[PDB]
Structures are given as C-alpha cells and as structure tokens.
Amino acid sequence: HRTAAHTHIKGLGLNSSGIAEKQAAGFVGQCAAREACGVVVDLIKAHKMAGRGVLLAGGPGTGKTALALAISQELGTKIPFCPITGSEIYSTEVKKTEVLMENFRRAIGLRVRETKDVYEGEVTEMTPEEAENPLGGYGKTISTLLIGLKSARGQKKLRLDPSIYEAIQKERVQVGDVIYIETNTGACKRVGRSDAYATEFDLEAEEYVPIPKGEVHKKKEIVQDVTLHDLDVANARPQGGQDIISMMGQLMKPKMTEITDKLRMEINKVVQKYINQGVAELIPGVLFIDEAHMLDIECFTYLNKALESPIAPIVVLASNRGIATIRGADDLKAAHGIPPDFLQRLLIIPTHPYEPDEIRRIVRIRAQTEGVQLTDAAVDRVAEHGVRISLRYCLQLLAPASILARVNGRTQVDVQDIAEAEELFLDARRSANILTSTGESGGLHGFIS
Amino acid sequence: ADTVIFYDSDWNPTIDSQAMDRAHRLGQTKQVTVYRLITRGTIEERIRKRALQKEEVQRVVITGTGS
Amino acid sequence: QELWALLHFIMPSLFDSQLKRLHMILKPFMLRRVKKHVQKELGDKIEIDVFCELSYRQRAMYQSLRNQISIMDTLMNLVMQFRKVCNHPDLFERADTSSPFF
Amino acid sequence: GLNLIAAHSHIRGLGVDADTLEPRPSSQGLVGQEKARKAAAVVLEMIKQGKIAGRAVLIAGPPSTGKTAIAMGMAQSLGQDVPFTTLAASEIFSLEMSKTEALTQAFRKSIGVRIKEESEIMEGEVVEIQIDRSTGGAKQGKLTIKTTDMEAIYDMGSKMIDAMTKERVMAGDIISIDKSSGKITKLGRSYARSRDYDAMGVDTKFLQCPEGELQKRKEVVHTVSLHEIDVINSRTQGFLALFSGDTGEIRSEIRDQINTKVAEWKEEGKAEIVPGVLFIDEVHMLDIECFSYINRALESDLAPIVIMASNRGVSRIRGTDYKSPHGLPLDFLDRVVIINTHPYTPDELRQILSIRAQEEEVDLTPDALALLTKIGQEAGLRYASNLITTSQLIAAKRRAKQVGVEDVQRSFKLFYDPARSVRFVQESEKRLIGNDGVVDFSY
Ligand SMILES: Nc1ncnc2c1ncn2[C@@H]1O[C@H](COP(=O)(O)OP(=O)(O)O)[C@@H](O)[C@H]1O
Ligand SMILES: Nc1ncnc2c1ncn2[C@@H]1O[C@H](COP(=O)(O)OP(=O)(O)O)[C@@H](O)[C@H]1O
C-alpha cells in the first residue's frame with residue numbers, strides 16, 4: 001500500500017521463450033540482464049544445483065536491486081529469498097562467518113508433514129500422588145498426577161508423569177478448565193474455563209470456551225514450513241522439553257551462538273530421514289548479498305568453502321564499484337571489490353546505464369505507480385534530470401511536486417511544480433557547489449572540514 | 001421474516017427466486033430486503049452472472065402472457 | 001426439454017416427442033399470473049448486492065488453489081473448492097490450536 | 001536427496017593405483033595433476049600408517065588448478081576410518097575464543113580415540129504386552145516377543161514396565177531393547193498387524209518381522225576425538241557445547257589430564273589412538289600469531305597431519321607489514337613440504353568438462369563440448385563449467401534434448417567471464433564508484 005523504491009517492479013517481464021519484453025512487469029530495458037536473471041530463476045527452480053554464484057555488476061542506480069527483487073517475485077512465496085547487505089555480517093555476538101552460515105541455512109527451506117498427537121478436554125478431576133523421598137533435603141516430591149479429561153464424546157483418566165504435571169502446574173490449570181496437551185512435547189495449554197458454570201460475576205476475566213468436540217485423544221496432522229536454520233537454532237537453544245535445561249533456557253536472555261559444523265551435519269542426517277520417510281520436501285532457495293563489496297577478505301575466503309558444501313543456496317552478489325581496494329586487504333585491488341580468485345567462481349551479469357527515452361519511460365511508470373498524474377511537458381522536465389542528474393533524483397522529485405501542485409490547488413503536476421521542487425530540494429552536485437563556494441574560506445559561517 | 005440473506009448464490013436463479021419468495025408472500029406486510037454476499041473477484045461472481053442471464057432467458061420465454 | 005417433460009406429463013398424447021409458436025400453443029395448458037398485477041398491495045423486493053473481497057487467508061487458499069490451473073484445465077472439482085474458500089476457509093482447512101514444528 | 005550437485009561432487013577418490021601409487025591418467029573423477037596426485041597419495045599412505053606425527057604439507061598453485069579437488073579426493077579415499085577435519089582459516093577468528101584456542105580445538109578434533117564395546121540387544125515383534133497398572137502403576141507385567149525363528153515370554157521388572165509404557169509399546173511393534181540401559185527403540189510396525197494400527201495414517205510404513213535369535217551381542221566401534229573428551233570434561237553438560245558451540249577456552253590442565261588418561265587406555269589396551277588429518281584451506285588467511293602456535297603444536301605427539309592450500313604468491317603476511325612466499329613466514333615454511341598444482345592442458349579441460357557434464361544430467365553435442373573447451377582455455381575452467389548448467393537451462397527453454405552450440409553461445413553472451421567483466425569495469429570507470437569514492441551519475 002505504501003509506495004517504495006521498487007513498488008512498480010512485479011517480475012522480470014520475460015516471454016515464455018525467455019526473451020525479455022523491452023517494457024514489461026515494470027522494467028524498462030536491462031533486457032540482457034533480465035534475460036540472464038531469468039536463466040538464474042530457472043537454475044533456482046530446478047533444485048539440482050548447490051552453491052552457484054551470480055554477480056550483478058554495474059554502477060549505482062542501474063537497477064541491480066530491482067533485478068534481485070524481481071527474482072524474488074518470479075520465485076514466488078514458496079522458495080526462500082534471503083536478502084542481506086554485506087554490512088549485516090559484522091555481529092558483536094558471534095564471528096562474522098557464523099552469520100554467513102546462518103544466512104546460508106536460512107536460504108534453504110523445508111516443508112514437512114507433522115503429526116500432532118494430543119489430548120484435549122475439560123479437566124474433571126485432578127489428584128496428585130507423591131512419595132516421601134530419602135533425605136535429599138528438598139523434601140517430598142510428586143510421583144504422578146491423575147487427571148480426568150472430559151470431551152463431548154468421551155472421557156479419559158490420565159496418570160501423568162510429573163514432568164507433564166509441571167507443565168500443568170506452570171500453566172496454572174485448575175479443575176473445570178479446558179486444556180490441551182501435546183504428547184510430542186509434554187507441553188500444556190490452558191484453553192479456558194468450560195462454558196459450564198460460565199457465570200458473569202468473575203473478576204478473573206475468564207474466556208469460557210465450549211467443551212472440545214470429538215474424542216479426548218486426537219492425532220491431527222499439519223504441514224510446517226521451516227528453514228534448516230530454524231532447526232539449528234531449536235537444537236542449539238533447546239526449549240521444547242519439560243526438563244530443567246529447557247525450562248531455564250526460556251528464562252535466560254536469548255543470545256546467538258556459534259553453532260558448530262557438528263550440529264549442522266547431524267541436522268542434515270535428521271532432515272534426510274524426513275525426506276526418506278516421505279514427510280518432507282527440500283526446497284533450496286537463494287541468498288542475495290547486496291553491497292557485497294562491504295564483505296571482507298575473510299568473508300570471501302569463507303564463501304569458498306561454504307559454496308563447496310554439498311548443500312548450499314544460490315548466492316547472488318551485487319556490487320557497484322570499479323577497481324577498488326579489497327576490505328581487510330589494503331594491499332589488494334580488484335574489479336568489483338571482489339577478490340580475483342573468488343570472482344572466478346561467479347557468473348557476472350553486467351548491468352548498464354539507461355538511455356534518455358528509457359528514463360522518460362521509467363519516470364512515467366513511477367509517476368503512475370505513485371499515483372502522480374503528470375502532464376507530458378512535466379514528464380519531459382523530470383526526464384531532463386536523470387540525464388543531467390542521477391535517475392534517482394528524477395523519481396524523488398515526483399512526491400514534492402505532487403504536494404506543491406496539490407497545495408497550488410492543481411489536480412495534476414505542471415512544469416511549475418517541478419521547477420519549484422527543483423529549487424526546494426537540491427541534488428548532491430548543486431549542494432556540493434554550495435559547499436565549495438561557501439567553504440571557499442574559513443570563518444564563523446563556514447562549513448566544517 | 002423481513003430480510004433474506006444469501007450467503008451463496010445458486011447456479012439456478014429459480015431456486016433463489018423461490019428461496020427469497022419465502023418471505024415475500026401474501027401474508028407479508030413489512031418491506032422485504034434481499035442481500036446477496038457476492039465475494040468480488042471470485043467464481044462467486046461468474047456463478048451469479050450466469051444465473052442472472054438465465055433469468056432473462058426464462059423471462060423472454062415468458063414474453064407472451066400466460067393469463 | 002425440461003418444459004416438454006412437464007407438458008408431456010400433463011398431456012402425453014399431444015406432446016409426444018420460434019417464440020410466436022410457444023406462447024400460442026401453451027395458452028390453454030399454462031396459466032400464470034404475477035404479483036405485479038394481482039398482488040400489487042405488496043411492495044417489491046429490494047435486492048442489495050454486498051461485495052466483499054477475499055481476506056488474506058482466503059486469497060492464500062484461493063491463489064494456491066488457482067495455481068492448479070497451471071497444470072489441470074478437475075475444473076468441476078476446483079470450482080467446488082473455490083466455492084468453499086469463498087464461503088469460509090475453515091471449510092477447506094479448519095484452523096485449530098497449533099504450535100511450532102517439534 | 002539432500003545432497004545436491006556441487007562443484008566437487010564428481011570426486012570419488014584420488015584416482016591412484018593402490019598397489020604402486022602410480023596415478024592413472026584419469027580415474028575416480030580426477031584428471032591430470034598426476035605428480036600432485038602421486039604426492040597426495042604418499043601423504044595418504046602415511047596418514048593411514050599413523051606412525052608419523054605432525055607433518056605439514058602445503059598444496060600450492062594457481063586458482064582452479066585442483067587444490068581443493070585433491071584435498072576432497074584424499075577425504076573421499078580416507079573415508080570413515082580416519083578423522084578428517086576441514087578448516088577454512090577464516091573460521092578461527094572467533095568472538096567466543098582466542099584464535100590459538102580455536103586452532104587448538106581444530107588439532108584436537110583430528111585425533112580419534114577408537115573404543116570397542118559390546119551389549120546384548122533384544123529385538124523382535126511384540127506379540128503381547130500385559131501390564132496390570134494395579135492407584136499407582138507398573139506393578140507387574142509380561143512381554144511376549146517373536147522373531148521368525150523363536151518366541152519367548154518375559155516377566156518385566158517395574159522400571160522396564162515404565163520404559164514400555166513410556167514408549168507406548170503395542171502388540172505388533174518391532175522393537176529393539178538395549179538391556180543394560182533399558183532404552184526401547186521402535187524400529188517399525190509389523191505388516192501382519194497393520195489392521196490394529198487404526199490411529200496410524202495411511203502414510204505409515206510397515207516392516208517384516210526380525211529374523212534369527214531374539215538376543216545377541218552387538219559390538220559397536222566408537223571413535224571419539226580428543227576435542228570431544230576435552231569438551232565433555234569442561235562442565236556438567238559439556239557435550240552439549242559440542243553442538244551449540246559456547247565452549248569457552250578449555251583449561252590447559254584438563255587437556256593435560258586427558259592426554260595422560262588416553263595414554264593409559266592405550267597402554268591398557270582398552271582404546272586405540274587414530275591420528276587423522278586437519279586440512280587448512282587458504283592457510284594464508286592465518287596471521288603471524290597463528291603460525292607461531294602451529295610451529296610447536298606440530299611437535300606434539302598427538303598432532304595430526306596438517307594439509308594446506310594457498311592461492312597466494314609472494315604476498316603480505318597478515319598481522320605484519322612484510323612479504324613472503326605464499327604469504328607464509330619462512331620459519332613456518334621451513335616446517336612444510338610443498339606440492340605444486342599446474343595449469344591444465346586443453347584436453348584435460350575437455351575431460352574435466354565431460355566429467356562435470358556427466359555429474360550434472362547434461363547431454364553435450366560434440367561441437368558444444370569443443371566450444372566449452374575453447375572457452376575453458378580462454379576464460380578458465382570454472383567459467384566454462386558454469387556455462388554447462390546455463391546451457392542446459394537455455395536448451396530446456398527451447399525444449400531441446402541436447403545442448404547445442406546455440407545454447408553455449410547464449411550462455412557466453414548472457415554471462416561474462418572474469419576478463420570481460422574486468423574489461424567492462426575498465427570501460428565503465430566513470431559510472432562505477434572508484435577507489436576515490438568518485439562517481440558520475442549523469443548520462
Ligand atoms: N529497468 C528498470 N525499470 C524500471 N525501474 C527501474 C529500472 N532500473 C532501476 N529502476 C528503478 O530505479 C531506482 C534505482 O534503481 P536501483 O535498483 O536502486 O539501482 P541500484 O540498486 O543498482 O543502485 C529503483 O526505484 C528502481 O526500481
Ligand atoms: N584434476 C581434476 N580433475 C577433476 N576435476 C577437477 C580437477 N581440477 C579441478 N577440478 C574441478 O574444477 C573446479 C575448480 O578446481 P578447484 O579444486 O576448486 O581449484 P582450486 O581449489 O585450486 O581453486 C572444482 O569443481 C574441481 O572439482
């Protein structure tokens with residue numbers, strides 16, 4: 001609903017033959033790059049490949065991020081699209097190569113069938129039974145709970161292990177509540193009071209709920225979408241048991257941890273059981289590392305090994321820089337800001353500047369996307385920027401000009417409202433002239449160097 | 001009753017025209033309103049448009065009087 | 001043919017197996033009158049259309065269901081599933097108490 | 001499966017004649033690099049022989065000359081018999097622990113303690129479980145189990161009845177019981193009882209009954225690394241840190257105790273020590289402090305063989321301001337023998353591309369393989385290998401059964417090689433942001 005930089009991008013706008021239509025799905029031009037991004041979408045949808053690298057290479061404002069977000073739409077919702085900047089990699093909690101691995105495994109998805117095996121009913125009896133322990137000093141302990149559950153078409157009496165009674169107890173269950181119990185986790189949920197004895201005169205603000213229909217014991221099945229990283233995190237910070245470690249692990253502050261290769265390898269074994277059991281579909285996705293020049297030579301040297309993994313997502317890099325110094329390696333210059341031995345691994349999609357008539361088309365697509373109804377002379381005005389000034393400066397003027405027109409009582413933007421927008425809101429270059437002319441000498445009114 | 005709400009349109013307009021008659025009969029005296037919850041952008045729309053054009057054919061085939 | 005079957009039933013000798021013909025031949029056998037003429041003491045019906053769009057859950061059901069048209073077209077099955085989600089998505093998949101993947 | 005096609009998936013071993021260490025011109029997915037493969041096979045021999053401790057080998061050569069491939073070939077030709085640790089040198093720059101501690105843990109991971117143990121396992125189909133649960137529970141109960149060859153009934157002790165009820169063991173369930181622990185694993189449901197499993201969904205699998213005796217001794221050969229023993233001894237659930245990480249810096253006196261105890265188990269004959277390999281990929285990412293530690297870690301008796309790869313020429317050593325070959329200090333390089341990988345000839349590129357075109361499901365027409373070979377000479381082995389996947393996807397878009405020259409040409413046109421990418425950069429220097437931060441956005 002809110003309008004943002006890429007709201008007009010809907011897809012790559014390719015033909016079924018995989019050729020780009022010159023203006024489609026919000027794009028203008030970049031046709032060769034849109035066609036290359038199509039073949040990458042094909043590489044992703046065909047699950048066969050791991051750890052292929054793609055670089056979107058081209059100057060700022062050439063639509064590299066529009067291409068990546070268009071890929072994210074051609075893949076649809078099922079496939080994991082995992083966007084990061086290279087500046088997200090420098091965590092204070094864990095080494096930066098941990099964050100890369102977390103993002104690599106966040107980019108691999110799993111759809112898995114799960115059977116939830118549960119008991120549900122109105123609690124009709126609850127009777128604890130206990131033993132006098134030998135002198136451990138903590139005193140007597142509950143040995144078991146007997147609990148009666150009533151549903152609409154049956155009842156049970158359950159003799160619980162005391163670890164499930166602790167779930168029952170920490171859930172503050174009472175006689176006459178409706179509860180849900182998972183035999184999977186031993187976990188308990190208090191659903192409400194019965195709709196029996198639902199007298200209004202409680203301060204307790206209870207939700208009275210109907211008796212569960214059907215039998216007390218149920219075995220429902222549901223399909224869960226998870227990433228491999230979701231499994232890593234669950235098993236590294238255990239929280240689904242009723243044991244003391246799972247209990248205290250919910251009270252401690254959450255913190256990220258440098259999950260070992262040993263854990264990740266053994267979760268591959270676990271997930272492959274789900275595949276062989278036929279309960280899971282593996283759905284590998286894509287990791288988009290925007291601003292990949294902000295990675296350092298330790299990140300890039302780790303990506304070597306990470307991409308060689310027998311499962312890894314597709315990695316799409318974007319860079320906007322020429323021959324530049326590699327970060328963390330001030331001795332080494334290379335194109336794109338990428339180490340030369342890593343660049344060998346990638347397929348590079350070069351991305352090119354727009355022509356003046358393409359800029360005019362983009363301005364009109366963008367104007368009608370923002371709902372800025374805009375006269376043709378006004379379009380020509382805005383499209384003379386983008387040629388003389390960055391393309392982004394065109395698109396950013398459309399909103400001020402709309403406000404100024406509406407404040408002038410116009411239904412639509414004239415050249416006048418842009419000519420006022422051009423004056424209130426400068427580009428970087430006009431502002432850079434103001435600096436150099438005013439900071440031409442120091443003083444009270446100078447800009448600070 | 002004085003109000004009929006169709007949660008669903010039927011493929012046959014005669015059945016809904018019968019259904020909405022239940023309130024609109026010689027014993028009625030309040031105004032009758034009929035509401036029809038056509039969910040927009042769905043085949044609930046095409047079902048209603050097909051049923052509505054059939055009612056025109058059924059009215060054309062009774063162009064001449066039966067009186 | 002559904003009009004013939006009624007006419008065959010009442011008068012099977014004549015009607016054993018264009019509008020200017022129909023309205024003449026049926027003049028004896030059908031009598032019809034309408035509330036506009038004889039029962040105009042009643043008001044007319046007010047028919048109000050009440051459009052509402054698919055909620056975000058319904059359209060998640062509906063669009064993933066419509067995705068099957070990329071493979072099939074079963075269409076008479078799909079138009080019943082489409083009618084379910086257009087009524088309430090709990091008809092198609094009942095929402096129920098849920099928890100993370102274990 | 002969960003293993004997808006990856007860059008090294010075609011490597012099945014080292015491709016060397018085990019009787020002579022003569023490298024075959026191609027086998028097991030390796031092509032050429034014969035002298036390097038022979039040397040890696042001599043290293044592989046003395047790894048398996050175990051008698052030699054803490055030697056370090058560097059594999060040195062230009063990028064894409066098969067350095068990782070040879071490392072993967074050794075790993076595939078050691079298999080499970082020997083520990084094999086792979087370390088990217090970037091990994092030791094932990095925030096949890098100092099880099100010498102991280103580098104210690106990597107050495108400890110590469111020595112295995114091999115421990116052989118037995119247990120009686122009882123396995124069969126449950127014919128019946130009777131449990132009285134007589135107010136309290138677990139009072140008494142009887143278990144009947146059969147194989148195809150025997151049937152027996154057992155009176156159960158009360159803590160076994162708890163185990164049976166905990167596992168909801170049911171008639172028809174195929175179970176194994178480890179007797180000394182008393183854990184019950186339900187291996188499956190017997191097919192003959194399928195109709196009793198009225199709660200199980202149709203997705204449920206079934207099995208035939210177990211065969212032979214209900215009870216036998218099954219012998220397990222565990223291998224546990226010195227690192228695992230170190231971490232186990234750190235805290236009350238130390239092993240739990242082998243997964244999450246969150247090991248601290250493990251105290252040196254814990255390791256020194258463990259080294260003594262493992263020497264006792266060896267002398268007592270209770271355990272064997274199995275020296276593995278640590279492979280340090282792109283070792284030049286280590287700094288001068290790391291190399292100083294490695295120098296003496298290699299002199300330990302419980303040191304693995306360390307194998308290393310470097311792309312680097314005479315290059316700046318990290319953490320200092322002078323240059324040395326491989327980017328490695330000469331005092332460290334004095335402790336290391338070096339294996340060189342050379343560039344490939346055009347026919348070896350053709351063979352590697354052919355192998356890669358077998359590992360992916362691709363049919364190359366003979367002219368498409370010739371063109372990819374030509375692109376391989378001109379643009380590098382890795383780029384032509386990525387054109388294989390691209391061409392198949394283009395061919396499938398035109399519904400072709402085989403990849404033709406037209407598909408390779410589309411690939412070459414759509415995706416630039418590194419040199420054309422650099423040339424594109426060298427032309428676009430005003431539009432690309434320079435090292436000065438300067439850029440022009442105008443047309
Ligand atoms: N070919 C195109 N068609 C339509 N809009 C485009 C195109 N290329 C870029 N844009 C738009 O121009 C703006 C700047 O492009 P952007 O993707 O931010 O460039 P980069 O990410 O390379 O700096 C964005 O709002 C983007 O949607
Ligand atoms: N001799 C060889 N036989 C088979 N495949 C090879 C050979 N050399 C390299 N390759 C393959 O080509 C790719 C690049 O080689 P690689 O071993 O990664 O070189 P480096 O590690 O030195 O960059 C890898 O996928 C590798 O499997």
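Read the numbers this way: they start at 1 and go in the same order the structure lists the ligands and their atoms. Heavy-atom basis, side chains included; hydrogens, waters and symmetry copies ignored. Note on naming: letters A, B, ... go to the chains in the order of the sequence lines (proteins, then strands), and numbering restarts at 1 for each one.
- The shortest N or O to N or O distance between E308(A) and ligand 2 is not under 3.5 Å.
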Stepwise, does the side-chain hydrogen bond (donor to acceptor under 3.5 Å, both in side chains) test hold for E355(A) with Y443(D)? CA-CA 7 Å; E355(A) 305 304 325; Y443(D) 174 61; 2.4 Å; yes

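- If you check which protein heavy atom lies closest to atom 19 (O) of ligand 1, you get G63(A) N, 3.0 Å.
- Distances below 4.0 Å separate heavy atoms of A7(D) from the following atoms of ligand 2: 24 (C), 25 (O), 27 (O).
- When hydrogens are left out, the protein atom nearest atom 17 (O) of ligand 2 is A69(D) N, 3.0 Å; that is the closest non-hydrogen contact.
- Nearest-residue assignment for atom 18 (O) of ligand 1 (options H352(A), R366(A), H6(A), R392(A); heavy-atom criterion): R392(A).
- Given atom 3 (N) of ligand 1, the protein heavy atom at minimum distance is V28(A) N, 2.9 Å.
- For atom 2 (C) of ligand 1, the nearest protein heavy atom (residue, atom name, distance) is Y354(A) OH, 3.2 Å.
- Remark: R327(A) CZ is packed, more than 12 non-hydrogen atoms of other residues, nucleotides or ligands lying under 6.0 Å away.
- Contacts between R382(D) and ligand 2 below 4.0 angstrom, taking non-hydrogen atoms only, involve the side chain exclusively.
- Only the side chain of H8(A) comes within 4.0 Å of ligand 1, judged by heavy-atom distances.
- Nearest non-hydrogen protein atom to atom 4 (C) of ligand 1 is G26(A) O, 3.1 Å.
- At under 3.5 Å, not a single nitrogen or oxygen of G29(A), backbone or side chain, sits near a nitrogen or oxygen of ligand 1.
- Taking the six-membered ring wherever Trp is involved, the centroid distance between the rings of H352(A) and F424(D) falls below 6.0 Å.
- Protein heavy atom in closest approach to atom 12 (O) of ligand 1: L395(A) CD1, 3.9 Å.
- For atom 14 (C) of ligand 2, the nearest protein heavy atom is under 4.0 Å away.
- Of all protein heavy atoms, the one closest to atom 25 (O) of ligand 1 is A5(A) O, 2.5 Å.
- At a 3.5 angstrom cut-off on N or O pairs, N311(D) does not count as close to ligand 2.
- Using 4.0 Å as the threshold, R34(A) has no heavy atom nearer than that to any atom of ligand 1.
- Contact annotation: for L381(D) versus ligand 2, heavy atoms closer than 4.0 Å belong to the side chain alone.
- For atom 20 (P) of ligand 2, the closest non-hydrogen atom on the protein side is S64(D) N, 3.5 Å.
- Within the structure, side-chain hydrogen bond (donor to acceptor under 3.5 Å, both in side chains) pairs that include any residue of residues 59-75 of chain D comprise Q344(A)-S64(D), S64(D)-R382(D), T65(D)-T341(D), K67(D)-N311(D) (at least two apart or interchain).
- Every atom of ligand 2 is numbered from 1 in the order shown, and the set under 4.0 Å from a heavy atom of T68(D) is 17 (O), 21 (O).
- Which parts of ligand 2 touch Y344(D) is read off a 4.0 Å heavy-atom cut-off, strictly below it: atoms 1 (N), 2 (C), 7 (C), 8 (N), 9 (C).
- Protein heavy atom closest to atom 21 (O) of ligand 1, with residue, atom name and distance, is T65(A) OG1, 2.7 Å.
- Here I280(D) contributes atom CD1 and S310(D) contributes atom OG; the two are 12.0 Å apart, rounded to the nearest 0.5 Å.
- Of the polar atoms of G61(A), at least one N or O is found under 3.5 Å from an N or O of ligand 1, judged by distance alone.
- The residue from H8(D), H10(D), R356(D) that puts a heavy atom closest to atom 11 (C) of ligand 2 is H10(D).
- Residue-to-ligand polar distances place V31(D) within reach of ligand 2: an N/O pair is separated by less than 3.5 Å.
- Residue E361(D) holds its CD atom at 4.5 Å from NZ of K48(A), rounded to the nearest 0.5 Å.
- Looking only at protein heavy atoms, the nearest one to atom 22 (O) of ligand 1 is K64(A) NZ, 2.7 Å.
- Between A66(A) and ligand 1, at least one N/O pair is under 3.5 Å apart.
- Below 4.0 Å from some heavy atom of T65(D) lie the following atoms of ligand 2, by number and element: 19 (O), 22 (O).
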